[PDB]
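Only one chain is given next, in structure tokens, and it is the form deposited in one PDB entry.
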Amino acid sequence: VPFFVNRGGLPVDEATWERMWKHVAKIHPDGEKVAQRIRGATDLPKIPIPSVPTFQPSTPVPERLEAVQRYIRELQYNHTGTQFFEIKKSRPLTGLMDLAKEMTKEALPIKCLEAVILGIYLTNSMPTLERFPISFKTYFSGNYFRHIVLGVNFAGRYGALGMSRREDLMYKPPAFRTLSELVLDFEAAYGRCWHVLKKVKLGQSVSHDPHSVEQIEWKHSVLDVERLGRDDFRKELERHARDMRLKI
């Protein structure tokens, strides 16, 4: 059940609201303690609504990217255990752009996939910026994990927008000379936290047409990291980066 069955946004119904709090009690040792103090408070800090960034016509793209990422950060990573926005990955772009607009209006915490949708939505207005999803599948201890960021390319350099608990699994300045180096910076991050990288999925550049009905192509390239050579791995990334440089 989506958090927003009651279509639209907040406020949600009681059934949904209680379900979120029952879940909090199962994942936190004190469980009900934390909920008692929040649900029982008669005043709670006011959380400003983050304002979508505005730019001068002359503001360079690397500045726009910093501010798009600063905006995505302000919503905060979602530690609550409850996913607020349902995101169907096989869904026409324009329908994902409607969702992004609502995220900006409801202003609730987000995870990696929301950040990718938001990233596309907030950079559709930058025609010299190429955007494309990068997905990682890793292994850590008896489990497989999935993470996704919005790879971007500006003036022949690669970077990324995203959200993670770790500073080195999200934002990257558009400074990497090659796609292999961008991806390698994420491999280093996963090395640091002991994850074994299993797959990288790279999608096609995403149309800037906010009204496009094509769905995002999340796995134009799938790289099986164990079965590919380190050298064939790098040649596969460069093939995908070329394939993208052609469809312009």
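Residue indices: 1-based, along the sequence shown.
As for the form deposited with a partner chain bound, it is not shown, yet the points below apply to it.
- In the entry with it bound, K88 stays away from its partner chain, with no heavy atom inside 4.5 Å.
- Interface residue remark: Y190 is counted as part of the site for its partner chain in the entry with it bound, having a heavy atom within 4.5 Å.
- Using a 4.5 Å cutoff between non-hydrogen atoms, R165 counts as a contact of its partner chain in the entry with it bound.
- Taking non-hydrogen atoms only, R146 approaches its partner chain to within 4.5 angstroms in the entry with it bound.
- Proximity of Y77, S135 and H195 to its partner chain in the entry with it bound is complete: all three residues have a non-hydrogen atom within 4.5 angstroms.
- Residues of just one listed stretch (106-114, 90-98, 173-181, 121-129) have heavy atoms within 4.5 Å of its partner chain in the entry with it bound: 106-114.
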